[PDB]
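Examining the three-dimensional arrangement
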Amino acid sequence: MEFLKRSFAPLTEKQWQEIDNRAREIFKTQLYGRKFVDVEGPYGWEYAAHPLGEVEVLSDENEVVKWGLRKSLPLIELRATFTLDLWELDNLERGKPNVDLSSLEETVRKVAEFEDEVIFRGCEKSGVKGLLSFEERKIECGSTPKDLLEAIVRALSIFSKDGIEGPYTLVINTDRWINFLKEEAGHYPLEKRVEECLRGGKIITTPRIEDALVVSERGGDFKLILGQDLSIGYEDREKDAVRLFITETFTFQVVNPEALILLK
Amino acid sequence: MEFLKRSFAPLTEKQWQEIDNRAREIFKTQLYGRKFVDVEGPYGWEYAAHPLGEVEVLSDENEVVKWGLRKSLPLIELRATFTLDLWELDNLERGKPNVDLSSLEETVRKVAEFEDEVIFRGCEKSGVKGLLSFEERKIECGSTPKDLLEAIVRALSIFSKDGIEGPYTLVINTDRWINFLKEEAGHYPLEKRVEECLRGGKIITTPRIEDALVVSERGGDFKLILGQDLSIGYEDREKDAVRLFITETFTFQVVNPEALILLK
Amino acid sequence: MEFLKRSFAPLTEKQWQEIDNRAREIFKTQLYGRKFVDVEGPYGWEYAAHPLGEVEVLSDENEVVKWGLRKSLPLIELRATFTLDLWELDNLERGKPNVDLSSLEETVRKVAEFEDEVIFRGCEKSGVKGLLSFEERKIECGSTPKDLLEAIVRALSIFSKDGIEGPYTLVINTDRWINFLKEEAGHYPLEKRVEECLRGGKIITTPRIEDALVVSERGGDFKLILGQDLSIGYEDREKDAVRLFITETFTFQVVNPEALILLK
């Protein structure tokens, strides 16, 4: 929006469109948490904190009037900057079909990594606890495909006792998935054995996790709080090059850890 | 069209039709690039160059008035000739069901090879760079079916980081495909393992490539510029035999090499 | 248009208008070729090459499939820059009737010279051959007004044998015209003798030619290919002064040299 100062950038709508398109593509392919966790919002651009629903009592014990502070999560405000040559975007309206947008891509990837780190590991400063921080819900299993299938069945039994329902999905490191696919036959695809044991579920290979998670997708158990979603705006000129920025505001909340299981 | 001088050939519409039909069949089965790359046009018959969208500056540095030349790709104009006996096409209207059209077939195959060479290797004279010239995007993999599947998964991970989406297709040499199918079981078809790892994609066996390519089919990344598409016209008489020709005008452009991956 | 970034210049419409007006005036008075040669287009801003209608065959002699490259003329892209003080354009809306626009005028004159040089001499780099390069069509004549009239009659006889019709015009260096007017009487204006021998034609005094040309104006024999016509846009700030630029894209083609005659 208006705080992005896009109107003041020496660019045509065509160039803005190309930039936005490439950003969207990289993001859709590089944002992995967005695949498992719900999204609420956007609340922005002014939204500053998400309530937790508790009071920390600061009053002493023998005070007549008891009082405390109501708790919330501060939204994380993200800024990153790109620099694009001008002589090279105007070749777009000169008829060039492929305009170099490399710095955009690099920095987009970096911010995607940032958000995925928050979701998966969290942030102490912000008070966010990541999915991989709920060590209290973890299975110890082997390292073969068969061990993996047994572990998945165990996980679904756990979900059963805890009342957790819904489609299930398995988030794996890419390398471990590849090695599971390589380690044993072959006489029936492993992905099918899995999608069967993972009863109507899916597999999602994610390089930002090392081992694996099993999560239910019924809804409402992991949620990303959105103020200002990812947006690109303008800062200044270089002057032969334009400096833009990408920004966001967000927090993350694990609501029901019972819908989460870690695997070794 | 009119530049083809078909009206001046001592032939009936029946004979023209037979000729055109056989040409179309051979072409549909022998034109392999047409299976992966988009086609724009036809622009012909006068279209002479396709713009690139850049200026090469020829002005010196200290000139007051700066100037350069706007760049483009010249269209390649293709001619080949056939000779057909007359006594042998008139047997068509005499009731013969199978008329010999061998020279047509041979020369059609040759021109198909020509276009496929341009697409795959390119042309220095014309300034076309072929698919197999983007060595900067190449994977080193093994030689077994399992190695192949691992390589395909690696390729799709690459497409993932580069923001490349869409159906995927695997262009292979026929011999290597056959040997992959022969080398190991058997207890589950390899083509299915592939179409699965090649997630909803295809395999296309192409004798004009030696090893393999993986390419996305989302659209707009490889494109063939068409002026005058493949057409047959008339030159002269022999006189007992008619001399015809086949012609085309075309260039080729790889727009987004990120949608391209070479395999060993 | 939009590639000119006029909207991003810290200027009001009044100032843009003054600038454009002065540019147009200087151009109309300083563009001499525009007086004789036809103009086609504008094709821009993406137009990159104008077809010539020929194929250069690169195929060897004994190749089965013959091929070549279709030929064209690259458009020349022209850039020049002006710098205008700000404190001095805002006095326009302060009520000043005469705003200093000298750098504009100088640079406009320079680019006009550039285009006239291309038309008259041509450009080797671009492959343009100028009017004064067709030495094969040249008359040797005297240096007196009477010699000039005889030469004009000879030229029209030539046009006669070559089938060239239409109004005729005589492009002369200014100095030679003046000296012809001074050299002999006087008892009947020379311009009238000329316009008579130059049967219903004209005289156009042009400082970018040294001796003279006679050309027919029937149409279609000399033509200027226009992509982006002359236009002014914005580059940056200085910051107390605004930097603008003037740009064009064009080529030139002599189609029928029979409509052209050079005089000594």
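Residues numbered from 1 in each chain as written, not as in the entry; some residues may be left out. Chains lettered and ligands numbered in written order. Part of a larger assembly, values for the part shown. Heavy atoms only, no water.

Method-wise, the PDB entry is recorded as coming from cryo-EM, at a reported resolution of 2.87 Å.

1. A short note on the overall build of chain A
A tally of regular secondary structure across chain A gives 5 helices and 14 strands. Each principal axis of the C-alpha distribution contributes one length, and for chain A these read about 75 × 60 × 25 Å. Taken across its 264 residues, chain A has 48% of its residues classed as buried. Expressed as a percentage of contacts within chain A between residues at least 6 apart in sequence, the contacts between residues at least 24 apart total 75%. Surface exposure of chain A reaches about 13000 Å², of which carbon and sulfur atoms provide 49%. Side-chain charges in chain A split into 37 positive and 50 negative, and the spacing between the mean points of these groups amounts to 2 Å. (Helix = DSSP H or I, 4+ residues; strand = E, 2+ residues; numbered from the N terminus. Buried < 20%, exposed > 50% of the residue type's maximum accessible area, 1.4 Å probe, protein only. Contact = heavy atoms within 4.5 Å. Areas by Shrake-Rupley, 256 points an atom, 1.4 Å probe, with all protein chains shown as cover. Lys, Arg positive; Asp, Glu negative; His and termini not counted. Charge placed at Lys NZ, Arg CZ, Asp CG, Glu CD.)

2. Some thoughts on the packing of aromatic side chains
The final tally for this structure, using the stated rule, is 14 aromatic pairs over all chains. With a centroid separation of 6.0 Å and an interplanar angle of 45 degrees, the aromatic rings of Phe114(B) and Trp67(C) are classed as tilted. With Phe114(B) in helix α2 (residues 102-120) and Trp67(C) in strand β3 (residues 66-74), the pair connects residues from two separate chains. We note that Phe114(B), like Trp67(C), is buried. On the numbers, 4.2 Å between centres and 5 degrees between planes, the contact of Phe3(C) with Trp45(C) is stacked. Taken together, the positions of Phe3(C) in the segment before α1 (13-30) and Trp45(C) in the loop between β1 (38-40) and β2 (49-57) put the pair 42 residues apart, joining distant regions of the chain. Put simply, the rings of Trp67(B), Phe114(C) and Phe250(C) touch in pairs and so form one group of aromatic residues. Across from the ring centre of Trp16(A), 4.0 Å away, lies the NZ or CZ of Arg6(A), which sits over that ring. (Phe/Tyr/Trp six-rings, centres within 6.5 Å; stacked < 30°, edge-to-face > 60°. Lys NZ or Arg CZ within 6 Å of the ring centre and 35° of its normal.)

3. Here's the deal with the domain arrangement of chain A
All names here are of chain A. As far as domains go, chain A holds domain 1 (1-131 + 217-254) and domain 2 (132-216 + 255-264). When each unit is reduced to the centre of its C-alpha atoms, the spacing between domain 1 and domain 2 is 30 Å. Taken together, the contacts link 21 residues of domain 1 with 28 residues of domain 2. Between domain 1 and domain 2 the total buried area reaches about 2100 Å² when both faces are included, carbon and sulfur atoms providing 57% of it. Summed over the three residues of domain 1 that lose the most area to domain 2, namely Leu131, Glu217 and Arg218, the buried surface amounts to 33% of that side. Linking domain 1 with domain 2 are 4 salt bridges. With a shortest N-O distance of 3.8 Å, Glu210 and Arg121 are connected by a salt bridge. Across the domain 1-domain 2 interface, the total number found is 14 residue pairs in polar contact. Listed by contribution, the elements that provide at least two residues to the side of domain 1 that touches domain 2 are α2 (102-120), β11 (222-226) and β13 (241-254). In terms of residue count, α2 provides more of the side of domain 1 that touches domain 2 than any other element does, 5 residues in total. A class-by-class count of the residues in the side of domain 1 that touches domain 2 yields 7 nonpolar, 4 polar and 10 charged. (Domains from an automatic or database assignment. Buried area = accessible area lost by both parts, 1.4 Å probe. Salt bridge = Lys/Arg side-chain N within 4 Å of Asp/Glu carboxyl O. Polar contact = N/O pair within 3.5 Å; in protein donor to acceptor, adjacent residues only side chain to side chain. Nonpolar A, V, L, I, M, F, W, Y, C, P; charged D, E, K, R; others polar.)

4. Focus on the interface of chain B and chain C
The interface is formed by 31 residues belonging to chain B together with 31 residues belonging to chain C. When the two sides are added together, the surface that chain B and chain C hide from each other amounts to roughly 2500 Å², 62% of it contributed by carbon and sulfur. Looking only at chain B, the three residues that lose the most surface to chain C are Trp67(B), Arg70(B) and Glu77(B), adding up to 28% of its buried area. For the pair chain B and chain C, the interface holds 2 salt bridges. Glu77(C) is paired through a salt bridge with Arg70(B); the nearest N and O atoms lie 3.5 Å apart. At the surface where chain B touches chain C, the tally comes to 8 residue pairs in polar contact. Looking at the side of chain B that touches chain C, the elements that each hand over two or more residues are β2 (49-57), β3 (66-74), β4 (76-85) and α2 of chain B. Element by element, the count of residues in the side of chain B that touches chain C is highest for β3(B), at 8 residues.

5. Topic: the relation of the copies chain C and chain A
For these two chains of identical sequence, chain C goes onto chain A by a turn of 120 degrees and a shift of 0.0 Å along the axis, with RMSD 0.0 Å. Read as a symmetry element, the transformation amounts to a three-fold axis. Looking at the rotation axis and the C-alpha trace of chain C, the residue lying nearest is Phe8(C), at 4.3 Å. In this assembly the copies use different faces: only 17% of the residues contributing to the interface of chain C also contribute to that of chain A. (Least-squares fit on C-alpha atoms.)

6. Thoughts on the interface of chain C and chain A
If you look at the interface, chain C gives 12 residues, while chain A gives 13 residues. Summing the contributions of chain C and of chain A, the shared interface buries around 1000 Å²; its carbon and sulfur component is 42%. At the boundary of chain C with chain A, the tally comes to 2 salt bridges. The partner of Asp236(C) in a salt bridge is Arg237(A), and the shortest N-O contact between them spans 3.7 Å. The tally of links between chain C and chain A comes to 5 residue pairs in polar contact. Broken down by element, the residue count for the side of chain C that touches chain A peaks at 3 residues, all from strand β12 (residues 231-237) of chain C. Classifying every residue of the side of chain C that touches chain A gives 5 nonpolar, no polar and 7 charged.

7. So, the UniProt feature "binding site: FMN" in chain A
All names here are of chain A. UniProt's feature table lists "binding site: FMN" at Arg79, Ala80, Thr81, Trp87, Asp90, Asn91, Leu92, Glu93, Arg94 and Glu235, given in the numbering used throughout. Across 157 residues in sequence, these annotated residues place their C-alpha atoms as far as 31.6 Å from one another, rather than forming a single compact spot. Apart from the residues within four sequence positions on either side, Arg79 is in contact with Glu235, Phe245, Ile246 and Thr247. At 2.9 Å, the side chain of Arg79 and the side chain of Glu235 are in polar contact. (UniProt positions renumbered as here; feature names shortened; annotations may be inferred.)

8. Description of the sheet that holds strand β9 (residues 202-205) of chain C
All names here are of chain C. Pairing within the open sheet is mixed, and its 5 strands lie in the order β7-β14-β10-β8-β9. Sheet topology places β7 (138-139) and β9 at the edges, where each strand pairs with a single neighbour. Sheet topology note: the strand β10 (residues 212-216)/strand β14 (residues 260-263) ladder contains 3 bridges and is antiparallel. Residue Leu213 lies in a different strand from β14, and its bridge partner there is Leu262. (Pairing = 2+ DSSP bridges.)

9. Topic: a nonpolar patch on the surface
A grouping of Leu58(A), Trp67(A) and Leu69(A) is seen on the molecular surface, where their side chains present a nonpolar patch of about 270 Å² in accessible area. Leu69(A) gets classed as partly exposed once you look at its relative accessible area, which sits at 42%. (Patch = residues over 30% accessible without salt bridge, like charges linked within 9 Å, V, L, I, M, F, W, Y side chains within 5 Å.)

10. Some details on the packing of helix α3 (residues 145-161) of chain C against helix α5 (residues 190-197) of chain C
Residues and elements named next belong to chain C. Packing of α3 against α5 leaves a shortest axis separation of 10 Å and a crossing angle of 15 degrees. As the angle between them shows, α3 and α5 are arranged roughly parallel. Here α3 and α5 pass one another in a crossing that is right-handed. Residues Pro145, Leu148, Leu149, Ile152, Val153 and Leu156 of α3 touch α5, and the partners they reach there are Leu190, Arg193, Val194 and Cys197. (Axes fitted to C-alpha atoms, helices over the stretch in contact; angles between N-to-C directions. Parallel < 35°, antiparallel > 145°, perpendicular 65-115°, else oblique. Left-handed = near helix turned anticlockwise from the far one by under 90°.)

11. Description of a negative patch on the surface
A cluster of acidic residues, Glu13(B), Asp85(B), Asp90(B), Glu93(B), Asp100(B) and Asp240(B), forms a negative patch on the protein surface. Among the residues examined, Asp90(B) registers a relative accessible area of 34% and is labelled partly exposed.

12. What to know about the relation of the copies chain B and chain C
Here chain B sits on chain C after a turn of 180 degrees about the axis and a move of 0.0 Å along it, with an RMSD of 0.0 Å. In short, the pair behaves as if placed about a two-fold rotation axis. Relative to the rotation axis, the C-alpha of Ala49(B) is the closest in chain B, positioned 3.3 Å from it. Interface overlap between copies: 100% of the residues of chain B at the interface are likewise at the interface in chain C, consistent with a symmetric, same-surface contact.

13. Looking at the pairing of strand β10 (residues 212-216) of chain A
All names here are of chain A. Most of β10 sits out of view: 5 of its 5 residues are buried. Side chains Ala212, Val214 and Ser216 of β10 all project onto a buried face; the interleaved residues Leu213 and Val215 project onto the opposite face, where all are buried too. By the bridge criterion, 5 bridges tie strand β8 (residues 168-172) to β10 in an arrangement that is antiparallel. The residue of β10 that forms the bridge with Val171 is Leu213.

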